[PDB]
Each structure stands twice: as structure tokens, then as C-alpha cells.
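Residue numbers (the authors' numbering), protein chains in the order written: chain G, 55 to 213; chain E, 22 to 65; chain H, 55 to 158; chain P, 17 to 146; chain F, 2 to 50; chain Z, 150 to 248. Beta carbons are placed, not taken as given, at the ideal position from N, Cα and C, and that holds for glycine. The structure appears right after this line, and notes come after that.
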Amino acid sequence: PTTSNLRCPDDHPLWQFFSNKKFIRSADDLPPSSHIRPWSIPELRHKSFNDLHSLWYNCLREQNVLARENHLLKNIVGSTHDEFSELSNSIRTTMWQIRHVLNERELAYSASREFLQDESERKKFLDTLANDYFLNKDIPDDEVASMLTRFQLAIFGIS
Amino acid sequence: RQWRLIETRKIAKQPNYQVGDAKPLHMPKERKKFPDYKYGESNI
Amino acid sequence: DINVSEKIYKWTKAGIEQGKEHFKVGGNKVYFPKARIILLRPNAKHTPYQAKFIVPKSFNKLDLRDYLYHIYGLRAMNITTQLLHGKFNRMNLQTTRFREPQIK
Amino acid sequence: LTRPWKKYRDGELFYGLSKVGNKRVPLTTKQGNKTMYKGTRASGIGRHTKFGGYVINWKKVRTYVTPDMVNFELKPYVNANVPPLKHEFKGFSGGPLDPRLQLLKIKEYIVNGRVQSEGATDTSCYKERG
Amino acid sequence: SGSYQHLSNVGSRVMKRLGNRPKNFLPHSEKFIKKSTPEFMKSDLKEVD
Amino acid sequence: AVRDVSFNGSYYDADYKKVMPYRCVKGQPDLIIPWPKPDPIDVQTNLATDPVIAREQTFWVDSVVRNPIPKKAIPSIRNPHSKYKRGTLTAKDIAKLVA
RNA sequence: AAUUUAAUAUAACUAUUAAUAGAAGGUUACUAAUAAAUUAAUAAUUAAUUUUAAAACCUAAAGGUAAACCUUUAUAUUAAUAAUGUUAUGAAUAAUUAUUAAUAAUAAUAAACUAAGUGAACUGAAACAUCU
Ligand SMILES: [Mg+2]
Ligand SMILES: [Mg+2]
Ligand SMILES: [Mg+2]
Ligand SMILES: [Mg+2]
């Protein structure tokens, strides 16, 4: 059988398991360690769930690529360069940092809801909003219309 | 006479639980029905 | 009117035609999986239309199909598992013997 | 002569290094009687039928869901030229989980909300409040 | 050097013992590593844990 | 040459890009030995997020009625069947165990 | 500016004296990670107190077994709602998606010391049974 009869496409999804259609990245092609740094927990806190979801799978995809290269190197060549292993570990650090941020965020939301569930604390927070920023001397004319629109959306379920 | 084999018996001292206290890992499935006997059941 | 196997074929054809899953999506949603799969070079007994992976040990055949389609867009029609053994090994004769890891 | 480079007996085994050793190692799948079944935690879906089959319960099968729209720009790493941001919760005993911090954050969202934080505006800031 | 070990963690107890050698007996292993390496990647300084 | 060197505090250095101590000669602390200038950096790798949008904030705490994380995503965030998470007692339980 | 001597370390056991107190292992993997606050001193920085996240499977007693395995849809059940499809035949109704209230469970947890029950024989008596 001859491969000249084939039409293996250039957009074939398995190509995502390789870096720029290369068998195994060399030292120069691999991103240097100096130029790089894993995300920081505060940085992830400024990210929406969709964006964090997107980052997670992007991390996983390169993790698969690096895993493929480590295995090829450590199962054929046998070298202990472990440059790919270190890169994967750095990605692994970011992955759990993402997981920590999500848990802390979810816990914070639950804590706030429970705190606002007490009548005394809810009344204090509401009246503080009412007296201070609401019931102004007409400084905001239509801005208060926006203020309320975000008020109903946040505290209550009115959109 | 003195009741040596009944007095020498000892049982575990369960802690006092408040409503704001940690839940024990393992608890009986049925409500207690009798006051605990001071000397417990004879083990001999 | 039709056999079960014919219906399975129709469902897969329908999924491909409509640009949707060619399988049935389960209800247990994993939002942040941590599983990694290693592409493997073809063997002699393979054809240019197949691909072999080193999947996690706790990985169903259905799991890989969903894993490939949803993360990579690759659609796997037939998936088949080969679970290997672990030979006993010892770095020296003085140490305890333990089996090499099983690789799925 | 199994090994042509060993003409005389030197104690070498037919295969392997030692014929003896520990046998108390945990069982695996490939070894045991034909009725043994170890398992690989890879099937907790469905119910064995009375005849000896299986029925997939599709509410237990596991599916990996990816976002409909994927942000391609978020690379796994981060450029080294942006410093590692740090967060300070000065005056907030409970830290990021502290309810009163959440109340303040929604307060800011009310009055002048949907505004990029100090850390987001500039890529040269070293700490940020909150 | 195909071992499939990097993909799993088998023999945790044995690996820990080998990697946590008593500090009194490090000179036993230091001689082993020194005698079994070429001269052009060996330094005359003791290692650090 | 400098006989011995000591440090008397810490500070953030925008050049080394991280917190570094002050490197002062042992004895006189006024004479301060500056840290060397780091070499220029040029990040061109496609696997590095651009600074201008890596830090761009996208999420705001703007709700107490909607969970920011969908319910089906909680299991991935944390283990629901965790043996380390023990509950608290109630009046009913105490009456159940107190003879 | 360099060397020796004696003592001092995360890096030994044993004995006596003094003081204080009554605490995880293993298997391999989709590896089993943290975040902060207050006070005390040179914008930062250590120390003390307080809070906080994750933590797979087995270690008799959710069930079972041939330990690290299988069955238990708590991503669950009931109820309500908005929509879809949708039967039924506007309304109903469940199925689904998504919210809210109620309904639930995780035993490896030491050794020595103390007290209580039962309780030998070798041996000594230069034998042996009372006795030991
Ligand atoms: Mg098979
Ligand atoms: Mg056999
Ligand atoms: Mg059986
Ligand atoms: Mg005698």
C-alpha cells in the first residue's frame, strides 16, 4: 500500500498534539524559563468563569503536548533534561491556582448571602445604601436610574 | 460485705455536647431509652 | 420496524449530518478535568486512519470519545482499549520487588 | 546454549535476575483465577442485567464540557514583564471570604461599577487593595 | 530507558527510603556517584539537600 | 574589594521586578551596594499571554442572588463527599444521644 | 589577616537527675495544592495570636469482597417556578435546561503504666504428693 493515495488534511485535529507540526521541540523552540512566569492567585481573581474555563483547557492542551514529548524523550532517548517536565509543572501550578480561586469565590458568595440573610444586618446594609448614596439632593438625575437598575439586578432578581 | 466487682467497674466518660458543638463521626441510629447504669453491664 | 443496530447507525449518521455529537452525552458534567492523554506513534499493525493514546487508567471508552470531541474536535468512531501489564522490577537485588505501573 | 556469550555455568538464570522474593504485593488485573475481577474505577455507570448484560444509565456517564466561546488569547503562562500582583485585605479580618468585603465590592459595583480595578488598568502595579 | 515510571508513582515506600537516605551514610553514596561519572561534569564540592 | 556584606531590610525593586534586600557593606550602612542591572528581556513566545490583556479584569462581584459558579461545577471545584468536613450538632441530636 | 584547643546543629542510642506535657501508615496516580488578619520594632520586614482552602483509594463495623475493588444517580429525591420540547387534549401534565426550600451519611487512630477475671508448668524440697 502507498500513501500517495491519501489526502491527509493539513487541518487535521491531531495536529493540536504537536507544536507547529514538529516531532519534538528543540531547546531553541521551547519557551525559555526567564521570559515566563505562571499566573498569580490575585491575577486569576480578576477573571470571569468563562475566561478561567478557557484558560484551564488551554493549559490542558499544552499539557498533553508536553506529556507526549516527555514520554518520547524518556522512553527512547532516556535523557534527563526534563525541560518539558518543568514546563508542565508550571502549568500544573496555574491549574490548581485557578481551582483555588473558584472555590474561594464560591465560598465568598455563600458567606455574603448568609450574612445578608440576617434581618438586622440586611436592614443596616440597605438603610446605609438608602441614606448615603440614595436620597441625594438631586445630584444624580438619570444616573440614579442606572444606580437602581444595578441595584435590582444585584440584590434582587429583577432585570 | 462490699460490692467489689460492681464498684470496680468503670465506663467511658462521654463529653458534654452543646448545640453549637462538633458532630461526632459515628452516632447511634436510635434514641437512647434508658438512663445509663452507673456500673454498666458486667463484663465477666 | 428496524433492528437496534440499524437505529444506532442512524443516530450516528444523524449526529454527523447535523454537526452534533455522534454519541449520547451523559449527565455527569466535568467542568475542570485534569486528565492528560499522550499520542503514540503508529505500529505496523495499524493503518493511517487510526491513532493510539496512553489514557488514564480510570478512563472509560466513552470518556475518550467525549474528551476528543469536546476539547479537540476530533470524532472517534470505534474506540478499543488495550490495558498492559506491569513487570516486576528492582533497581538492586537488595530492595523489595514491586510491579511496574500498568498503562492503559 | 541459550546465551552464546555464556559458554559455562555462571549462575545466570534462564530469565530475570532472582527466582525468589516477596509475594505479598497487591493483586493486579492480569493475575488471578479466571473468576477474579479487579477493576480500574473506569465503570460506575449502568446496572448489570439479570441475564448477565449491562444497561448504560446516561445520567451517570461522564462528559467534559468546554465553553462555547473559547478565549484563545489566555495562554497557559504569563509574560515575565508583568509583576506578580499581590492582594491586601487591610482592615478585613476574614480575608477574601469576609462578608463585609463582599458588601463593599457590591457597593462599589453600585456606585461607579463595572470599572477596571487599579491592578488591571496598569501592568506595572505591585499590590492592589482587595 | 523505557520504564513507564514517569507516568505513575509506584513503590512510594521504597522511593522515599532511597531518596531520604540517612545523613550519616551519605558518604557511602557520594563515593558511588563520583566513581561512576566522567570528570567533565563533576565538581569537587559537596551537594546540598 | 568588600570584606563582608550584610542586609538591613527589604524593599520592592522594579528592576529585578521583585522584592530584594538592601545589600550594605558590613559596618557603615550608609554605603549601599546596588544590585546589578538585570539584562534586557524580550518575550516572543506564543505561549505567553500579553501583559495588556493578561491583567485585564473581567469579573466583578455584582450579585448576591446568582451563584458566580454554576451548580454542576461545584464538584470539580471541591469534593462534596469529603471526610474532613464534619457538621455541627443540633438540639435534636443531643437529645437523641443524652440518656 | 591565619591556625589549634573546649562547647554548641535540623543530624545517634543508653543510664541518672531536674522541668514540661499526656501523640498516622500503606496503594498509585485524572499527584493528594493555600490564602489572610491583628499586635510588637528597624515603605517594607521577621516573631506571637487568630482565621482559611485542597487533601484520591485501603486500613472489620453505608452494603460486599480475594485491601487500596464493585453496588449505592446527593451533579441525587420531593415541591415550586421561567422557558423549551412535549404528550395529553386555553389549561393540565410530566421530560429536559436553569434557579430556590426540605430531605444524608464518612471509625487506622498507638504502645507502656493501672484495675478486674481465669491461672499454669519447668524448678526447690538434692526423690515426691502438703509446701515452693
Ligand atoms: Mg477488553
Ligand atoms: Mg493467570
Ligand atoms: Mg464475588
Ligand atoms: Mg525437686
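Closest by C-alpha distance to residue i, when choosing among the options
i, options, result
"G:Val155", "Z:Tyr161, Z:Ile226, Z:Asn195 and Z:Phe156", "Z:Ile226"
"P:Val94", "G:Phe169, G:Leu120, G:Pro86 and G:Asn157", "G:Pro86"
"P:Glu104", "P:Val81, P:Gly135, P:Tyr125 and P:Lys123", "P:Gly135"
"P:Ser133", "P:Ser140, P:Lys123, P:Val127 and P:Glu144", "P:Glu144"
"P:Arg63", "P:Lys54, P:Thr56, P:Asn73 and P:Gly55", "P:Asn73"
"P:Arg40", "H:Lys83, H:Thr150, H:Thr135 and H:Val84", "H:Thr150"
"G:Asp82", "Z:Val174, Z:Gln193, Z:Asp199 and Z:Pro219", "Z:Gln193"
"P:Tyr142", "P:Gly111, P:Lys106 and P:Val98", "P:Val98"
"Z:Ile223", "G:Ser133, G:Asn118, G:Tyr163 and G:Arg115", "G:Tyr163"
"G:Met201", "Z:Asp211, Z:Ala150, Z:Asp179 and Z:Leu180", "Z:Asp211"
"G:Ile209", "Z:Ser231, Z:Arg215 and Z:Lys241", "Z:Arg215"
"G:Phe169", "P:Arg130, P:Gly110, P:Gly129 and P:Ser140", "P:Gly110"
"Z:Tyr165", "Z:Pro189, Z:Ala197, Z:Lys175 and Z:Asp179", "Z:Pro189"
"P:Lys123", "G:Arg91, G:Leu127, G:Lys75 and G:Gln206", "G:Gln206"
"F:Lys32", "F:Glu48, F:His7 and F:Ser13", "F:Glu48"
Check: residue i C-beta below 8 angstroms from any heavy atom of ligand 1
i, result
"P:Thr45", "no"
"H:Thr135", "yes"
beta-carbon residue i near ligand 2 non-hydrogen atom, thresh 8 angstroms
i, result
"P:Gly48", "yes"
One or two residues paired with residue i in a DSSP bridge
i, result
"residue 250 of chain Z", "Lying outside 150 to 248, the shown extent of chain Z, residue 250 of chain Z is not represented and no answer is given."
"G:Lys76", "G:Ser73"
"H:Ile92", "H:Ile108"
"Z:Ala197", "P:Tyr93"
"P:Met52", "According to DSSP, which records beta bridges pairwise, P:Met52 is partnered with nothing at all."
"P:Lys143", "P:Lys102"
"Z:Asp162", "Z:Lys167"
"H:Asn143", "H:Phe152"
"residue 227 of chain G", "Within the shown structure, residues of chain G are numbered from 55 to 213, placing residue 227 of chain G beyond reach of any answer."
"residue 159 of chain H", "Only positions 55 to 158 of chain H appear in the structure, and residue 159 of chain H is not among them; the question remains open."
"Z:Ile226", "Looking at the DSSP assignment, Z:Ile226 forms no beta bridge with any residue, so it has no partner."
"E:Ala43", "Z:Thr237"
"Z:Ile182", "Z:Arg172"
Contact check, residue i vs residue j, beta carbons under 9 angstroms
i, j, result
"G:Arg167", "Z:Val213", "yes"
"G:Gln151", "G:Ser94", "yes"
"Z:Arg172", "Z:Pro187", "no"
"Z:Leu238", "E:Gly41", "yes"
"G:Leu106", "P:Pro92", "no"
"residue 160 of chain H", "P:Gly37", "Outside the shown range of chain H, which is 55 to 158, sits residue 160 of chain H, and nothing can be said about it."
"E:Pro56", "Z:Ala248", "yes"
"P:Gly146", "P:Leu117", "yes"
"P:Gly55", "P:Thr45", "yes"
"H:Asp117", "H:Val109", "yes"
"residue 64 of chain F", "H:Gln156", "This structure does not reach residue 64 of chain F, given that chain F is present from 2 up to 50, and the question cannot be answered."
"E:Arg30", "E:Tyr60", "yes"
"Z:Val174", "Z:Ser155", "yes"
"P:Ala96", "G:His135", "no"
"G:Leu114", "H:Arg90", "yes"
- Query: Taking a cut of 9 angstroms between CB atoms, which residues from the stretch 125-143 of chain P lie near chain Z?
  - Reply: Answer set for the stretch 125-143 of chain P: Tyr125, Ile126, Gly129, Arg130, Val131, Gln132, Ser133, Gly135, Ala136, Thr137, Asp138, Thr139, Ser140, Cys141, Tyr142 and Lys143.
- Task: Give, in chain order, every residue of the stretch 55-87 of chain P whose Cβ lies closer than 8 angstroms to some Cβ of chain Z.
- Result: So the list is empty, because no residue satisfies the distance condition.
- Message: Any C-beta of chain P within less than 8 angstroms: which residues of the stretch 125-157 of chain H qualify?
- Response: Of all residues in the stretch 125-157 of chain H, the ones placed with a Cβ closer than 8 angstroms to any Cβ belonging to chain P are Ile125, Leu137, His139, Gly140, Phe142, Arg144, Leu147, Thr150, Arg151, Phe152, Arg153 and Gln156, in chain order.
- If you measure beta-carbon to beta-carbon, which residues of the stretch 159-182 of chain G are closer than 7 angstroms to chain P? If the cut-off is 7 angstroms between Cβ atoms, the stretch 159-182 of chain G has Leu161, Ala162, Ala165, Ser166, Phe169 and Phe179 near chain P.
- Item | Residues of the stretch 46-58 of chain E with Cβ closer than 9 angstroms to any Cβ of chain Z, in chain order | Listed in sequence order: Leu46, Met48, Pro49, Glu51, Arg52, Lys53, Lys54, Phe55, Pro56 and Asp57.
- Message: By the 7 angstroms beta-carbon criterion, what residues does the stretch 6-25 of chain F contribute toward chain H?
- Response: Within the stretch 6-25 of chain F, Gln6, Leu8, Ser9, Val11, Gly12 and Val15 place their CB atoms closer than 7 angstroms to a CB of chain H, listed in sequence order.
- Query: When you check each C-beta in the stretch 184-211 of chain Z against every C-beta of chain P, which residues fall closer than 9 angstroms?
  - Reply: Residues are counted here when their Cβ sits less than 9 angstroms from a Cβ of chain P; for the stretch 184-211 of chain Z these are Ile190, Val192, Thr194, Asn195, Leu196, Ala197, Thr198, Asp199, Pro200, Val201, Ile202, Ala203, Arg204, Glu205, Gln206, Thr207, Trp209, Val210 and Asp211, given in chain order.
- Listed in chain order, which residues of the stretch 219-236 of chain Z have Cβ atoms closer than 8 angstroms to some Cβ of chain E? Answer in chain order: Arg235 and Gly236.
- Query: Which residues, in chain order, does the stretch 110-123 of chain H contribute to contact with chain Z at a C-beta distance below 7 angstroms?
  - Reply: Taking 7 angstroms as the Cβ-Cβ cut-off against chain Z, none of the residues of the stretch 110-123 of chain H qualify.
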